[PDB]
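One file, target.pdb, carrying PDB, C-alpha atoms and all ligand atoms:
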```
MODEL        1
ATOM      1  CA  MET A   1      39.056 129.897 175.932
ATOM      2  CA  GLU A   2      35.600 129.677 177.616
ATOM      3  CA  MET A   3      35.735 132.179 180.494
ATOM      4  CA  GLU A   4      34.902 129.554 182.983
ATOM      5  CA  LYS A   5      37.667 127.173 181.811
ATOM      6  CA  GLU A   6      40.231 130.050 181.915
ATOM      7  CA  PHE A   7      39.088 130.678 185.551
ATOM      8  CA  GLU A   8      39.752 127.037 186.489
ATOM      9  CA  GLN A   9      43.276 127.148 185.074
ATOM     10  CA  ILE A  10      44.154 130.455 186.853
ATOM     11  CA  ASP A  11      42.880 129.069 190.180
ATOM     12  CA  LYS A  12      44.963 125.820 189.729
ATOM     13  CA  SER A  13      48.150 127.705 188.890
ATOM     14  CA  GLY A  14      47.589 130.381 191.602
ATOM     15  CA  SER A  15      48.258 133.104 189.002
ATOM     16  CA  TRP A  16      45.777 135.876 189.993
ATOM     17  CA  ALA A  17      48.598 138.113 191.344
ATOM     18  CA  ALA A  18      50.689 137.735 188.155
ATOM     19  CA  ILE A  19      47.722 138.621 185.857
ATOM     20  CA  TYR A  20      46.788 141.606 188.066
ATOM     21  CA  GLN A  21      50.442 142.862 187.934
ATOM     22  CA  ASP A  22      50.435 142.503 184.069
ATOM     23  CA  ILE A  23      47.316 144.732 183.978
ATOM     24  CA  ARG A  24      49.001 147.314 186.194
ATOM     25  CA  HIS A  25      52.066 147.428 183.876
ATOM     26  CA  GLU A  26      50.015 147.597 180.676
ATOM     27  CA  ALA A  27      47.578 150.263 181.788
ATOM     28  CA  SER A  28      47.266 153.692 180.111
ATOM     29  CA  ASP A  29      48.932 156.853 181.602
ATOM     30  CA  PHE A  30      47.499 160.271 180.791
ATOM     31  CA  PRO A  31      48.013 163.672 182.473
ATOM     32  CA  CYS A  32      45.981 164.879 185.502
ATOM     33  CA  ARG A  33      47.115 168.531 185.545
ATOM     34  CA  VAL A  34      43.882 170.044 186.869
ATOM     35  CA  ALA A  35      43.629 167.556 189.811
ATOM     36  CA  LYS A  36      47.178 168.507 190.902
ATOM     37  CA  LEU A  37      46.682 172.323 191.052
ATOM     38  CA  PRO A  38      47.363 173.584 194.569
ATOM     39  CA  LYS A  39      43.822 175.004 194.992
ATOM     40  CA  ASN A  40      42.317 171.575 194.461
ATOM     41  CA  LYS A  41      44.248 169.779 197.249
ATOM     42  CA  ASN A  42      41.217 169.748 199.609
ATOM     43  CA  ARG A  43      38.962 168.337 196.786
ATOM     44  CA  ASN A  44      40.916 164.947 196.607
ATOM     45  CA  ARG A  45      40.688 162.157 199.146
ATOM     46  CA  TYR A  46      44.100 160.756 198.050
ATOM     47  CA  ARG A  47      47.175 162.344 196.242
ATOM     48  CA  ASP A  48      47.633 159.316 194.053
ATOM     49  CA  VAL A  49      43.980 158.844 192.910
ATOM     50  CA  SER A  50      43.143 161.538 190.311
ATOM     51  CA  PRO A  51      40.936 161.843 187.237
ATOM     52  CA  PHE A  52      42.596 162.226 183.836
ATOM     53  CA  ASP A  53      42.188 165.589 182.146
ATOM     54  CA  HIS A  54      40.617 164.114 179.012
ATOM     55  CA  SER A  55      37.785 162.301 180.811
ATOM     56  CA  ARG A  56      37.147 164.418 183.959
ATOM     57  CA  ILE A  57      33.677 165.736 184.702
ATOM     58  CA  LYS A  58      33.538 169.616 184.729
ATOM     59  CA  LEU A  59      31.238 171.485 187.087
ATOM     60  CA  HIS A  60      29.244 174.294 185.307
ATOM     61  CA  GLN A  61      28.858 176.895 187.980
ATOM     62  CA  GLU A  62      30.767 180.114 188.137
ATOM     63  CA  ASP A  63      33.672 178.955 190.178
ATOM     64  CA  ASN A  64      36.294 176.316 190.208
ATOM     65  CA  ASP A  65      35.053 173.551 187.798
ATOM     66  CA  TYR A  66      37.026 170.675 189.568
ATOM     67  CA  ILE A  67      35.519 167.434 191.001
ATOM     68  CA  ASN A  68      37.301 164.045 191.411
ATOM     69  CA  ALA A  69      35.007 162.238 188.888
ATOM     70  CA  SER A  70      35.597 160.550 185.428
ATOM     71  CA  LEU A  71      33.275 159.695 182.522
ATOM     72  CA  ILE A  72      33.758 155.987 181.427
ATOM     73  CA  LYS A  73      32.315 155.725 177.859
ATOM     74  CA  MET A  74      32.096 152.018 176.761
ATOM     75  CA  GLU A  75      31.301 152.391 172.982
ATOM     76  CA  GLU A  76      30.967 148.637 172.037
ATOM     77  CA  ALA A  77      28.700 147.909 175.066
ATOM     78  CA  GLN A  78      26.683 151.157 174.511
ATOM     79  CA  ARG A  79      26.788 152.317 178.174
ATOM     80  CA  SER A  80      28.463 155.043 180.156
ATOM     81  CA  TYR A  81      29.187 155.516 183.889
ATOM     82  CA  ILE A  82      30.569 158.340 186.105
ATOM     83  CA  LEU A  83      33.084 156.987 188.616
ATOM     84  CA  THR A  84      33.810 159.251 191.534
ATOM     85  CA  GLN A  85      35.315 159.228 195.089
ATOM     86  CA  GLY A  86      32.993 159.236 198.107
ATOM     87  CA  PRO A  87      32.244 162.884 198.781
ATOM     88  CA  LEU A  88      34.297 164.763 201.388
ATOM     89  CA  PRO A  89      32.598 167.183 204.012
ATOM     90  CA  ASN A  90      33.423 170.139 201.691
ATOM     91  CA  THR A  91      32.452 168.478 198.351
ATOM     92  CA  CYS A  92      28.863 167.214 199.039
ATOM     93  CA  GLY A  93      27.436 170.310 197.273
ATOM     94  CA  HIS A  94      29.777 169.663 194.271
ATOM     95  CA  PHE A  95      28.587 166.040 194.123
ATOM     96  CA  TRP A  96      24.864 166.908 193.907
ATOM     97  CA  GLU A  97      25.659 169.722 191.405
ATOM     98  CA  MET A  98      27.264 167.030 189.171
ATOM     99  CA  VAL A  99      24.237 164.724 189.517
ATOM    100  CA  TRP A 100      22.018 167.633 188.550
ATOM    101  CA  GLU A 101      24.044 168.897 185.598
ATOM    102  CA  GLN A 102      24.785 165.437 184.093
ATOM    103  CA  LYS A 103      21.028 164.409 184.340
ATOM    104  CA  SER A 104      21.750 161.189 186.275
ATOM    105  CA  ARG A 105      18.771 159.046 187.563
ATOM    106  CA  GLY A 106      20.701 156.736 189.820
ATOM    107  CA  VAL A 107      23.493 156.847 192.399
ATOM    108  CA  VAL A 108      25.313 153.612 193.306
ATOM    109  CA  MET A 109      27.136 153.399 196.664
ATOM    110  CA  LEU A 110      29.440 150.429 197.499
ATOM    111  CA  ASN A 111      30.716 151.361 200.966
ATOM    112  CA  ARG A 112      29.420 152.461 204.433
ATOM    113  CA  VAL A 113      30.128 155.896 205.850
ATOM    114  CA  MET A 114      32.160 154.296 208.729
ATOM    115  CA  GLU A 115      34.176 151.080 208.295
ATOM    116  CA  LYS A 116      36.693 149.621 210.802
ATOM    117  CA  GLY A 117      36.151 152.774 212.912
ATOM    118  CA  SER A 118      37.245 155.201 210.182
ATOM    119  CA  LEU A 119      35.302 157.682 208.002
ATOM    120  CA  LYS A 120      35.210 156.581 204.410
ATOM    121  CA  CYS A 121      32.655 159.057 202.957
ATOM    122  CA  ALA A 122      30.673 162.036 204.274
ATOM    123  CA  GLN A 123      26.948 161.628 205.206
ATOM    124  CA  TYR A 124      25.839 163.250 201.917
ATOM    125  CA  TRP A 125      22.138 162.332 201.983
ATOM    126  CA  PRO A 126      19.407 162.828 204.710
ATOM    127  CA  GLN A 127      18.562 159.934 207.070
ATOM    128  CA  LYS A 128      15.130 161.253 208.173
ATOM    129  CA  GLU A 129      12.226 162.482 205.978
ATOM    130  CA  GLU A 130      11.610 165.524 208.237
ATOM    131  CA  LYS A 131      15.276 166.691 208.252
ATOM    132  CA  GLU A 132      16.148 167.765 204.674
ATOM    133  CA  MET A 133      19.655 168.943 203.581
ATOM    134  CA  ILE A 134      20.472 172.279 201.963
ATOM    135  CA  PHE A 135      23.774 172.763 200.058
ATOM    136  CA  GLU A 136      24.173 176.556 200.194
ATOM    137  CA  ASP A 137      27.301 176.764 197.963
ATOM    138  CA  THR A 138      25.514 175.087 194.967
ATOM    139  CA  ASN A 139      21.924 176.201 195.785
ATOM    140  CA  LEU A 140      20.468 172.612 195.997
ATOM    141  CA  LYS A 141      17.857 171.021 198.439
ATOM    142  CA  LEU A 142      17.694 167.254 199.028
ATOM    143  CA  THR A 143      14.832 165.393 200.783
ATOM    144  CA  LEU A 144      14.440 161.703 201.733
ATOM    145  CA  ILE A 145      11.057 160.541 200.257
ATOM    146  CA  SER A 146      11.247 156.814 201.253
ATOM    147  CA  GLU A 147      13.561 153.839 201.759
ATOM    148  CA  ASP A 148      13.416 150.052 201.576
ATOM    149  CA  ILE A 149      15.945 148.320 203.799
ATOM    150  CA  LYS A 150      16.854 144.723 202.952
ATOM    151  CA  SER A 151      19.483 142.368 204.328
ATOM    152  CA  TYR A 152      22.259 143.066 201.756
ATOM    153  CA  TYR A 153      21.316 146.520 200.350
ATOM    154  CA  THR A 154      18.987 149.518 200.743
ATOM    155  CA  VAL A 155      17.145 151.454 197.983
ATOM    156  CA  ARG A 156      16.076 155.181 198.606
ATOM    157  CA  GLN A 157      13.914 157.604 196.767
ATOM    158  CA  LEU A 158      15.339 161.141 197.046
ATOM    159  CA  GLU A 159      13.937 164.466 195.773
ATOM    160  CA  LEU A 160      16.649 166.912 194.448
ATOM    161  CA  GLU A 161      15.509 170.542 193.923
ATOM    162  CA  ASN A 162      17.395 173.392 192.108
ATOM    163  CA  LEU A 163      16.582 176.328 194.367
ATOM    164  CA  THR A 164      17.525 178.871 191.585
ATOM    165  CA  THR A 165      14.639 177.647 189.420
ATOM    166  CA  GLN A 166      12.457 175.451 191.776
ATOM    167  CA  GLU A 167      12.745 172.563 189.324
ATOM    168  CA  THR A 168      12.686 169.132 191.079
ATOM    169  CA  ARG A 169      13.854 165.568 190.135
ATOM    170  CA  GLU A 170      13.567 162.142 191.612
ATOM    171  CA  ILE A 171      16.906 160.363 192.197
ATOM    172  CA  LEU A 172      17.252 156.640 193.114
ATOM    173  CA  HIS A 173      19.995 155.763 195.698
ATOM    174  CA  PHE A 174      21.205 152.104 195.527
ATOM    175  CA  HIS A 175      23.328 151.376 198.599
ATOM    176  CA  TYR A 176      25.181 148.026 198.952
ATOM    177  CA  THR A 177      25.624 147.872 202.731
ATOM    178  CA  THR A 178      27.414 144.508 203.188
ATOM    179  CA  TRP A 179      30.809 144.659 201.482
ATOM    180  CA  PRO A 180      33.275 142.971 203.945
ATOM    181  CA  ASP A 181      35.822 144.852 205.993
ATOM    182  CA  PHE A 182      38.622 142.862 204.502
ATOM    183  CA  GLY A 183      38.771 141.290 201.065
ATOM    184  CA  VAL A 184      35.885 140.559 198.796
ATOM    185  CA  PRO A 185      32.517 138.718 199.227
ATOM    186  CA  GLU A 186      32.767 134.857 199.378
ATOM    187  CA  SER A 187      29.921 134.524 196.887
ATOM    188  CA  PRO A 188      28.853 137.074 194.236
ATOM    189  CA  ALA A 189      25.113 136.278 194.729
ATOM    190  CA  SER A 190      24.143 139.372 196.760
ATOM    191  CA  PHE A 191      26.241 141.683 194.457
ATOM    192  CA  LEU A 192      24.508 140.258 191.409
ATOM    193  CA  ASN A 193      21.022 140.607 192.983
ATOM    194  CA  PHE A 194      22.020 144.266 193.614
ATOM    195  CA  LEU A 195      23.253 144.873 190.060
ATOM    196  CA  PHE A 196      20.040 143.356 188.631
ATOM    197  CA  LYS A 197      17.922 145.657 190.842
ATOM    198  CA  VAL A 198      19.806 148.643 189.508
ATOM    199  CA  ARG A 199      19.169 147.516 185.944
ATOM    200  CA  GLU A 200      15.446 146.775 186.636
ATOM    201  CA  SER A 201      14.936 150.391 187.941
ATOM    202  CA  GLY A 202      15.624 151.897 184.539
ATOM    203  CA  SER A 203      18.554 153.969 185.907
ATOM    204  CA  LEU A 204      21.010 152.585 183.287
ATOM    205  CA  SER A 205      18.781 153.277 180.310
ATOM    206  CA  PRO A 206      19.904 155.643 177.599
ATOM    207  CA  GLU A 207      16.942 157.976 178.380
ATOM    208  CA  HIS A 208      19.071 159.245 181.339
ATOM    209  CA  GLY A 209      22.478 160.755 182.077
ATOM    210  CA  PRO A 210      25.213 158.273 183.219
ATOM    211  CA  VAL A 211      24.699 156.500 186.583
ATOM    212  CA  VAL A 212      26.994 157.763 189.298
ATOM    213  CA  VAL A 213      29.038 155.063 190.998
ATOM    214  CA  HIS A 214      31.258 155.435 194.040
ATOM    215  CA  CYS A 215      33.078 153.763 196.918
ATOM    216  CA  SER A 216      35.716 155.577 199.088
ATOM    217  CA  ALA A 217      38.441 156.188 196.448
ATOM    218  CA  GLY A 218      36.144 155.491 193.394
ATOM    219  CA  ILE A 219      38.418 152.898 191.737
ATOM    220  CA  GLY A 220      38.358 149.469 193.523
ATOM    221  CA  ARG A 221      34.815 148.333 194.459
ATOM    222  CA  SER A 222      33.427 150.878 191.986
ATOM    223  CA  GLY A 223      35.596 149.300 189.241
ATOM    224  CA  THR A 224      34.115 145.833 189.973
ATOM    225  CA  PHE A 225      30.578 147.091 189.498
ATOM    226  CA  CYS A 226      31.173 148.781 186.195
ATOM    227  CA  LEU A 227      33.435 145.951 184.810
ATOM    228  CA  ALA A 228      30.836 143.240 185.669
ATOM    229  CA  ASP A 229      27.978 145.187 184.110
ATOM    230  CA  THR A 230      29.859 145.945 180.887
ATOM    231  CA  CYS A 231      31.114 142.318 180.420
ATOM    232  CA  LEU A 232      27.558 141.033 180.786
ATOM    233  CA  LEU A 233      26.275 143.521 178.231
ATOM    234  CA  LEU A 234      29.029 142.402 175.781
ATOM    235  CA  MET A 235      28.109 138.691 176.273
ATOM    236  CA  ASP A 236      24.513 139.397 175.232
ATOM    237  CA  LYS A 237      25.457 141.512 172.219
ATOM    238  CA  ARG A 238      28.165 139.136 170.746
ATOM    239  CA  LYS A 239      27.647 136.131 168.493
ATOM    240  CA  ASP A 240      30.035 134.084 170.789
ATOM    241  CA  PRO A 241      29.713 135.051 174.558
ATOM    242  CA  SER A 242      33.060 133.118 175.098
ATOM    243  CA  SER A 243      34.755 135.715 172.938
ATOM    244  CA  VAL A 244      34.574 138.085 176.115
ATOM    245  CA  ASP A 245      38.035 138.746 177.554
ATOM    246  CA  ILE A 246      37.571 140.409 180.986
ATOM    247  CA  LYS A 247      41.261 141.573 180.986
ATOM    248  CA  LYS A 248      40.874 143.403 177.628
ATOM    249  CA  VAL A 249      37.589 145.079 178.814
ATOM    250  CA  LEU A 250      39.339 146.224 182.008
ATOM    251  CA  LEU A 251      42.301 147.800 180.074
ATOM    252  CA  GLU A 252      39.738 149.607 177.901
ATOM    253  CA  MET A 253      38.005 151.015 181.057
ATOM    254  CA  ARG A 254      41.465 152.101 182.397
ATOM    255  CA  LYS A 255      41.796 154.554 179.477
ATOM    256  CA  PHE A 256      39.110 156.643 181.230
ATOM    257  CA  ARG A 257      40.133 156.309 184.915
ATOM    258  CA  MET A 258      43.328 155.089 186.582
ATOM    259  CA  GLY A 259      43.650 152.096 188.950
ATOM    260  CA  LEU A 260      40.228 150.408 188.236
ATOM    261  CA  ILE A 261      40.368 147.054 190.252
ATOM    262  CA  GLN A 262      42.952 147.545 193.029
ATOM    263  CA  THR A 263      43.858 144.000 194.143
ATOM    264  CA  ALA A 264      44.199 140.477 192.683
ATOM    265  CA  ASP A 265      41.183 139.468 194.888
ATOM    266  CA  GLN A 266      39.012 142.187 193.273
ATOM    267  CA  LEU A 267      40.162 140.819 189.830
ATOM    268  CA  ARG A 268      39.147 137.181 190.774
ATOM    269  CA  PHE A 269      35.754 138.486 192.219
ATOM    270  CA  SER A 270      34.964 140.345 189.001
ATOM    271  CA  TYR A 271      35.547 137.131 186.954
ATOM    272  CA  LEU A 272      33.394 135.154 189.438
ATOM    273  CA  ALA A 273      30.629 137.719 189.203
ATOM    274  CA  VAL A 274      30.536 137.706 185.396
ATOM    275  CA  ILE A 275      30.601 133.821 185.191
ATOM    276  CA  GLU A 276      27.743 133.487 187.720
ATOM    277  CA  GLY A 277      25.778 136.335 186.309
ATOM    278  CA  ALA A 278      25.882 134.851 182.806
ATOM    279  CA  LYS A 279      24.749 131.430 184.231
ATOM    280  CA  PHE A 280      21.840 133.051 185.982
ATOM    281  CA  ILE A 281      20.743 134.975 182.904
ATOM    282  CA  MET A 282      20.960 131.659 180.874
ATOM    283  CA  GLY A 283      18.623 129.847 183.312
ATOM    284  CA  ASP A 284      20.644 128.581 186.396
ATOM    285  CA  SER A 285      18.872 129.795 189.675
ATOM    286  CA  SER A 286      21.394 127.648 191.882
ATOM    287  CA  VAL A 287      23.841 130.586 191.721
ATOM    288  CA  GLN A 288      21.404 133.068 193.472
ATOM    289  CA  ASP A 289      22.026 131.881 197.073
ATOM    290  CA  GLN A 290      24.971 130.623 199.016
ATOM    291  CA  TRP A 291      24.719 127.162 200.826
ATOM    292  CA  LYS A 292      25.872 127.383 204.481
ATOM    293  CA  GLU A 293      27.563 124.558 206.592
ATOM    294  CA  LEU A 294      26.289 124.426 210.221
ATOM    295  CA  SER A 295      29.207 126.080 212.046
ATOM    296  CA  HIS A 296      29.819 128.484 214.925
ATOM    297  CA  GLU A 297      33.255 129.933 214.067
ATOM    298  CA  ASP A 298      32.823 133.350 215.738
TER
HETATM  299  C1  LIG B 301      28.813 155.124 174.943
HETATM  300  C2  LIG B 301      27.320 155.118 175.208
HETATM  301  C3  LIG B 301      26.212 154.860 174.330
HETATM  302  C4  LIG B 301      25.081 155.006 175.116
HETATM  303  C5  LIG B 301      23.679 154.829 174.719
HETATM  304  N1  LIG B 301      25.526 155.320 176.380
HETATM  305  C6  LIG B 301      24.758 155.581 177.536
HETATM  306  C7  LIG B 301      24.890 156.726 178.339
HETATM  307  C8  LIG B 301      24.141 156.825 179.499
HETATM  308  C9  LIG B 301      23.248 155.851 179.927
HETATM  309  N2  LIG B 301      22.517 155.987 181.108
HETATM  310  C10 LIG B 301      23.129 154.698 179.121
HETATM  311  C11 LIG B 301      23.864 154.584 177.956
HETATM  312  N3  LIG B 301      26.891 155.422 176.456
ENDMDL
END
```
Could you spell out this file's structure in structure tokens?
Ligand SMILES: Cc1cc(C)n(-c2ccc(N)cc2)n1
Amino acid sequence: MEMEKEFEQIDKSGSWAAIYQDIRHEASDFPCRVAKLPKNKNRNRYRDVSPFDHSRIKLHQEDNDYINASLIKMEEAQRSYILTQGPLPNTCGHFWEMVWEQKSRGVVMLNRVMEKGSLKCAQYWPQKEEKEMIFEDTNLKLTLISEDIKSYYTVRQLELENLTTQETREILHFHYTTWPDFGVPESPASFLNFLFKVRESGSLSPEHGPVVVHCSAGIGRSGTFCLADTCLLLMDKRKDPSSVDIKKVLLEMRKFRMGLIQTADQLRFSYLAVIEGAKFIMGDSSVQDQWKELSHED
């Protein structure tokens, strides 16, 4: 019943794979007609990762309205998120147009541009103050104002300008730079410290448009972030924080975008994250670092 006691039983039985396969079989199926049009082929990273028609974000400019991006509206938790793929070389302008039009304050990135020698996302933001980016197709300018590089994540201040009007906005870029090449993090401490920094910035407040969250495909790591955040919000709002069933929250999220959480390891990490996050919020600091054995395994 208590989330933590369910966790212990699933670990003892080795039943993470079976639970993850039940989720896959139970998940919603809705049409993705627009994503599958032939003119949109070069706007999708993968043929089998598409936004549903009912929840897709529409671009407003005169032109093709299509971006691979979904609005996740969690009504009981009172938060929304846009989940999207990492931009491609030809959809960086579309990505910033969406940020502009939806009034987002924050962008959350859960991957590196290159991983295991392969390109996972385009370089969609400027690395140097003095070398701004212009997106000619969507008439947007983007400048790096500052950045703060820490061991597990980096936080940037960006200035986004609509060149049609000369209106400008400050956008916060939260970049988790240490997700492992294979699997999931051993400990959720650094992920939680990252989530709490995002919250602390004000970027998730209802004063703003939905935060934009992405990885490479916009379903696996991205899913973990949004699922952890929403379960923690529900634990604070409910009379009994043990009422929170992670599996039922995840199926709810999957009405808005397919494939959220892509492996049994991602499922187990999300549970671990919520359990530790709740402990921390309730007054246990021992969860905020990982203890290391003296070893030289590499
Ligand atoms: C559903 C629902 C109800 C509310 C207040 N939001 C929401 C939308 C956007 C942000 N940034 C925060 C919250 N989503």
* Could you spell out the hits of the PyMOL selection byres (((not hetatm)) within 10 of (chain B and resi 301)) on the shown file, as a PyMOL selection string? -> chain A and resi 71-82+102-106+202-212
* Asked: Which one is closest to residue 287 of chain A: A:51, A:93, A:14, A:188? Count only C-alpha atoms.
  -> A:188
* Please identify all polymer residues within 9 Å of residue 142 of chain A, counting all atoms listed in the file, omitting same-chain residues fewer than 4 positions from it, and present them as a VMD selection string. => chain A and resid 96 125 to 126 132 to 135 158 to 161
* Write out as a VMD selection string which residues come within 6 Å of segment 266-274 of chain A when counting only C-alpha atoms, dropping same-chain ones fewer than 4 positions away. => chain A and resid 188 224 228 261
* Run the PyMOL selection byres (((chain A and resi 139) around 7) and not hetatm) on the file and write out the hits as a ChimeraX atom specification. => /A:135-138,140,162-164
* What does the PyMOL selection byres (((chain A and resi 129) around 9) and not hetatm) select in this file, as a ChimeraX atom specification? -> /A:126-128,130-132,143-146
Now that the selection is made, can you save its residues with C-alpha atoms as a short mmCIF file (atom, residue, chain, number, x, y, z; two decimals), in the frame of the given file?
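Final output, part_22.cif:
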```cif
data_model
loop_
_atom_site.label_atom_id
_atom_site.label_comp_id
_atom_site.auth_asym_id
_atom_site.auth_seq_id
_atom_site.Cartn_x
_atom_site.Cartn_y
_atom_site.Cartn_z
CA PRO A 126 19.41 162.83 204.71
CA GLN A 127 18.56 159.93 207.07
CA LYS A 128 15.13 161.25 208.17
CA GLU A 130 11.61 165.52 208.24
CA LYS A 131 15.28 166.69 208.25
CA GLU A 132 16.15 167.76 204.67
CA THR A 143 14.83 165.39 200.78
CA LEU A 144 14.44 161.70 201.73
CA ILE A 145 11.06 160.54 200.26
CA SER A 146 11.25 156.81 201.25
#
```
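Counting from atom CA of residue 166 of chain A, the distance to atom CA of residue 100 of chain A is 12.8 Å.
Among A:226, A:298, A:292, A:251, the residue with the shortest atom-to-atom distance to residue 24 of chain A, counting only C-alpha atoms, is A:251.
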* Asked: Using all atoms listed in the file, which residues sit within 7 Å of residue 216 of chain A once same-chain residues fewer than 2 positions away are excluded, as a VMD selection string?
  -> chain A and resid 85 to 86 111 120 to 121 214 218
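As for atom CA of residue 286 of chain A and atom CA of residue 190 of chain A, they are spaced 13.0 Å apart.
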Per residue of segment 88-150 of chain A within 7 Å of segment 167-181 of chain A, record the nearest atom pair and its distance in Å to one decimal, counting all atoms listed in the file, with rows in chain order and ascending residue number, as a Markdown table.
```
| residue | atom | partner | partner_atom | distance |
| --- | --- | --- | --- | --- |
| A:105 | CA | A:171 | CA | 5.2 |
| A:106 | CA | A:172 | CA | 4.8 |
| A:107 | CA | A:173 | CA | 4.9 |
| A:108 | CA | A:174 | CA | 4.9 |
| A:109 | CA | A:175 | CA | 4.7 |
| A:110 | CA | A:176 | CA | 5.1 |
| A:111 | CA | A:177 | CA | 6.4 |
| A:112 | CA | A:177 | CA | 6.2 |
| A:115 | CA | A:181 | CA | 6.8 |
| A:116 | CA | A:181 | CA | 6.8 |
```
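The two atoms in question, atom CA of residue 38 of chain A and atom CA of residue 119 of chain A, are spaced 24.1 Å apart.
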* To do: Find the residues around residue 15 of chain A up to 12 Å (all atoms listed in the file counted), leave out those fewer than 4 positions away in its own chain, and share them as a list in words.
  => residues 6, 7, 8, 9, 10, 11, 19, 20, 21, 22, 264, 265, 267 and 268 of chain A
* To do: Enumerate, as a VMD selection string, the protein, DNA and RNA residues whose atoms approach (20.6, 132.6, 195.7) to within 12 Å, taking into account only C-alpha atoms and the coordinate frame of the file.
  => chain A and resid 187 to 194 276 to 277 280 284 to 292
* Exercise: residue 33 of chain A partners within 7 Å, all atoms listed in the file, chain neighbours under 3 positions left out, as a ChimeraX atom specification -> /A:36-37,53
* Quick one: of A:45, A:279, A:54, A:12, who's nearest to residue 68 of chain A, counting only C-alpha atoms? -> A:45
